[PDB]
Amino acid sequence: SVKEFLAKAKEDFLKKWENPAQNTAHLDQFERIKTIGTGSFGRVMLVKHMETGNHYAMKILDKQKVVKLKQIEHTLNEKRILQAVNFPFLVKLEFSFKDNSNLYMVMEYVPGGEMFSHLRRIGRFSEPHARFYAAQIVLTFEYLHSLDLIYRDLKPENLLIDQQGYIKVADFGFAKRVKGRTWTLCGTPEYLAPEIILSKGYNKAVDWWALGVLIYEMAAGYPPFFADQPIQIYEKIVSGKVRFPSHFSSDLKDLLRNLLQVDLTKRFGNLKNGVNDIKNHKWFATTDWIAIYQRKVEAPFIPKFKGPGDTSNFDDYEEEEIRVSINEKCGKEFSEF
Amino acid sequence: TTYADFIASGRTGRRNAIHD
Ligand SMILES: C[C@@H](N)[C@H]1CC[C@H](C(=O)Nc2ccncc2)CC1
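Here the protein sequences line up with chains B and P, keeping their order. End of the first sequence sits at 424 in this note's numbering; the numbers just go up one at a time, nothing left out. End of the second sequence sits at 25 in this note's numbering; the numbers just go up one at a time, nothing left out.
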């Protein structure tokens, strides 16, 4: 039934992949309220659609800044992928468009904040709390990978908490549809698999390593490999000696040692049994995968909701103007956007 | 403790992606 879900899901994805939605709104349809996020390229603002009174989150990219950062192809990936996908724990793209200066992706507004902010504040999550979120990521990766998509930037910063306490994965700036291997050095230092650091040519397994990093960080309050400067972090990763907090259950550790596995023939998610190596782990024995999918499990944490359009679950950011030049920038580079 | 080492570090804020 998982096989059957995913085959129908692939058919859905393919139609949208081969014929992307394009130019489905305009900047002037929106009232910009507040900047709720930055990076890894551009910024994301709470906006309000006049015609429905709905709130959305609008990502804006400056086309010239994208060109300078050699993110053209990645930005086209991001929008082409995001418009095509559909899964409960993936943030939804409602509209995309562009003007002379910028690209815009209007997503659904997820008011609950980034997981990062709650994780840092509270300190760490209990194993049950972390498992609840981890299960969501497992199913989301099961879904993306079945589509040949690699996500390539899992971290708490990219995981939004909705009004029901479930996750939306946001920021597809490095997501790529690739069947074999790929080589681009991208991701976030703490979450890179050794094979990326070592410039080897890698695949969807980097995402399962990054899951290992996440689970550990959710449970411990800090990541498995940290230092003040990325090079020091890479050194720790390629040694691969990870220390677990004494509070980690023996199941948690054993999950993590199979996810934070330098050896691709042994790293879970990669093997002949695929994602079932994760799903049937003992750390996950209490997990009801169908109930997680259907959003029937009771969330361990439900964010405060002060109203529609409330942004108090996000940090405050410097506000930048949206400049729209009279001359078209980078027309040809972004023609399919 | 490891917690204290982390909290005193420069990377407890939002971490940017890298690229070459
Ligand atoms: C840290 C960066 N990789 C990036 C993570 C996702 C974030 C976002 O889209 N937030 C958001 C979307 C929808 N609703 C509320 C917030 C933008 C900043």
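Each residue gets a CB set at the ideal place from its N, CA and C atoms; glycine is no exception.
Residues bridged to residue i [DSSP beta-bridge criterion]
| i | result |
| --- | --- |
| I123 of chain B | DSSP output for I123 of chain B lists no bridge partner at all. |
| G18 of chain P | BP columns for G18 of chain P are empty, so no partner. |
| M132 of chain B | B:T122 and B:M145 |
| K263 of chain B | B:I237 |
| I248 of chain B | B:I254 |
| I23 of chain P | B:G274 |
| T269 of chain B | B:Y289 |
| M305 of chain B | DSSP, once it has assigned bridges, lists no residue as partnering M305 of chain B. |
| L226 of chain B | Partner(s): none; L226 of chain B has no beta bridge. |
| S183 of chain B | B:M192 |
| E138 of chain B | None, per the DSSP bridge assignment. |
| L177 of chain B | B:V256 |
| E415 of chain B | None, per the DSSP bridge assignment. |
| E201 of chain B | B:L247 |
| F117 of chain B | B:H136 |
Neighbour flag for residue i against chain B, beta carbons, 7 Å
| i | result |
| --- | --- |
| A22 of chain P | yes |
Buried versus exposed, by CB contacts within 10 Å (16 or more), residue i
| i | result |
| --- | --- |
| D350 of chain B | exposed |
| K291 of chain B | buried |
| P198 of chain B | buried |
| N400 of chain B | buried |
| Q251 of chain B | exposed |
| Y220 of chain B | buried |
| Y238 of chain B | buried |
| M137 of chain B | exposed |
| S127 of chain B | buried |
| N173 of chain B | exposed |
| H334 of chain B | exposed |
| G260 of chain B | buried |
| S336 of chain B | exposed |
| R208 of chain B | exposed |
| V265 of chain B | exposed |
| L272 of chain B | exposed |
| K287 of chain B | exposed |
| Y8 of chain P | exposed |
| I283 of chain B | buried |
| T122 of chain B | buried |
| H161 of chain B | buried |
| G267 of chain B | exposed |
Residue-chain proximity (residue i, chain P), Cβ-Cβ < 7 Å
| i | result |
| --- | --- |
| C417 of chain B | no |
| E244 of chain B | yes |
| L247 of chain B | no |
| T122 of chain B | no |
| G299 of chain B | no |
| residue 431 of chain B | For chain B, the structure presents residues 88 to 424; residue 431 of chain B sits outside this window and is missing. |
| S213 of chain B | no |
| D115 of chain B | no |
| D240 of chain B | yes |
| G126 of chain B | yes |
beta-carbon residue i near ligand 2 non-hydrogen atom, thresh 6 Å
| i | result |
| --- | --- |
| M194 of chain B | Ligand 2 is not part of this structure, which contains only ligand 1. |
Between the region 307-328 of chain B and chain P, which residues of the former have CB atoms less than 9 Å from a CB of the latter, in chain order? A307, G308, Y309, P310, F313, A314, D315, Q316, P317 and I320
Interfacial residues, the region 194-207 of chain B to chain P, with Cβ spacing under 7 Å: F203 and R207
Taking only beta carbons into account, state which residues of the region 267-278 of chain B come closer than 9 Å to chain P, listed in chain order. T271, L272, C273, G274, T275, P276, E277 and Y278
Residues of the region 250-268 of chain B with Cβ closer than 8 Å to any Cβ of chain P, in chain order: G260 and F261
By the 9 Å beta-carbon criterion, what residues does the region 156-182 of chain B contribute toward chain P? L156, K157, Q158 and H161
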